[PDB]
Amino acid sequence: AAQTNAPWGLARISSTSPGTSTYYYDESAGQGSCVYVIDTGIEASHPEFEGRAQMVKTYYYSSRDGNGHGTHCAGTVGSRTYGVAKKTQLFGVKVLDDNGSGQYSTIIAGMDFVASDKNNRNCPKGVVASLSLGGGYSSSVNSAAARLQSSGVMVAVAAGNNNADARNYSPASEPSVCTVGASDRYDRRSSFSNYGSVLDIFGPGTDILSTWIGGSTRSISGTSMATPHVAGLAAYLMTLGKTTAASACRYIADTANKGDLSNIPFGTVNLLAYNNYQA
Ligand SMILES: [Ca+2]
């Protein structure tokens, strides 16, 4: 399949080169997979989700996304126009309030929730969780992310926007999950992206157009926007049978475009997420 005039990041993830504008992907499009977006919520009624989104949990007085961040991330996973995996099922877990804040105890509970809740959902091709959130190092946050992964979910987490080594942030620093850095449309590391040995992969993160609340769209930047490209990629590859939840981060690194990014510090991987789709 080909989507013309796609967001640059979708075109990037199906290309060996920067500077193209068509997204190429197998038509299976993540059908029969599931992706949990653990964030400020998802506006499930947005036409871009086509009835494939729902809220499954909140820790606040509403499950509505009163921020937009979670809706944007969900859209990069799985919206019809803006998404990597255009037929995946999306499940929202609102651990962040409408200011985008959340206590670590709530975030942990939401990760444990997903590990159980997958057993209540139909995801024959596998399960992914996208965590576009983080704060300072916490062994308890990292352990929650490790349990989610161990339970059979492909966990993708943002590296963070501090232009610093991700070893000092959680859940970015957890070794067993897939930690995602950000790039821009000229294959530079994004100015804000964290780096370090704990990174596994980079994805498009500067000037990413996706869904927003009120049935809208906008472009924003962050490791939070790189993470759902990887999460959606994982769902897409699992639907194809090419990998599993336990092996997908390694598969994505194995199959990534290598050596193409600039301003990568010595000791950080130079790997850009790529679907290797041959039309
Ligand atoms: Ca990691």
Side-chain angles (χ1 to χ4, degrees), residues 13 35-39 73 76-77 84 93 95 104 107-108 110-112 114-115 126-183 189-190 192-205 222-235 237-238 243-259 261 263-274:
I13 72 156
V35 185
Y36 285 83
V37 180
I38 305 181
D39 207 292
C73 295
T76 298
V77 179
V84 173
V93 182
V95 298
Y104 277 170
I107 295 164
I108 288 169
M111 286 191 254
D112 286 319
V114 173
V127 185
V128 182
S130 190
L131 288 142
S132 290
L133 53 75
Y137 182 87
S138 166
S139 62
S140 56
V141 170
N142 279 15
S143 179
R147 290 192 298 277
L148 183 54
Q149 178 72 49
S150 172
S151 85
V153 177
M154 186 291 178
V155 181
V157 308
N161 302 341
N162 317 278
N163 188 26
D165 194 310
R167 70 194 302 163
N168 288 140
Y169 300 91
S170 286
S173 63
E174 168 50 39
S176 71
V177 300
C178 204
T179 301
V180 186
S183 62
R189 179 173 58 89
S190 304
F192 53 76
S193 183
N194 290 348
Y195 53 83
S197 65
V198 198
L199 272 67
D200 302 295
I201 193 68
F202 281 80
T223 65
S224 289
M225 288 57 265
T227 300
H229 281 91
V230 175
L233 177 64
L237 296 167
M238 296 158 77
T243 194
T244 72
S247 60
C249 184
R250 276 171 302 248
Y251 179 96
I252 291 166
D254 290 347
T255 57
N257 284 133
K258 306 184 188 347
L261 298 171
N263 207 34
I264 304 288
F266 199 85
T268 293
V269 293
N270 195 329
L271 299 173
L272 181 60
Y274 174 49

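Both counts, for ligands and for their atoms, begin at 1 and track the order of listing. We number each residue from 1, following the sequence as shown.
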*What is the name of the N/O/S atom in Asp200 that sits closest to the Ca ion (ligand 1)?*
OD2
_Need the atom name: nearest N/O/S atom of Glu174 to the Ca ion (ligand 1)._
O
*asked:* Rounded to the nearest 10°, what angle sits at the Ca ion (ligand 1) between O of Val177 and OG1 of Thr179?
replied: 100°
*Between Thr223 and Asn194, does a side-chain contact (heavy atoms from CB on, under 4.5 Å) hold up when you go through it step by step?*
CA-CA 8 Å; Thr223 65; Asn194 290 348; 5.8 Å; no
*asked:* Using 3.0 Å as the threshold, say whether any N, O or S atom from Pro175 sits that close to the Ca ion (ligand 1).
replied: no
*Tell me, which pairs form a side chain to side chain donor-acceptor pair (under 3.5 Å) where one or both residues lie in residues 224-234, sequence neighbours left out?*
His69-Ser224
*Look at the side chain of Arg189 and the backbone N and O of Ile264, then say whether any donor-acceptor pair between them is shorter than 3.5 Å.*
no
*Is it the case that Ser143 and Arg147 place a side-chain donor and acceptor less than 3.5 Å from each other?*
yes
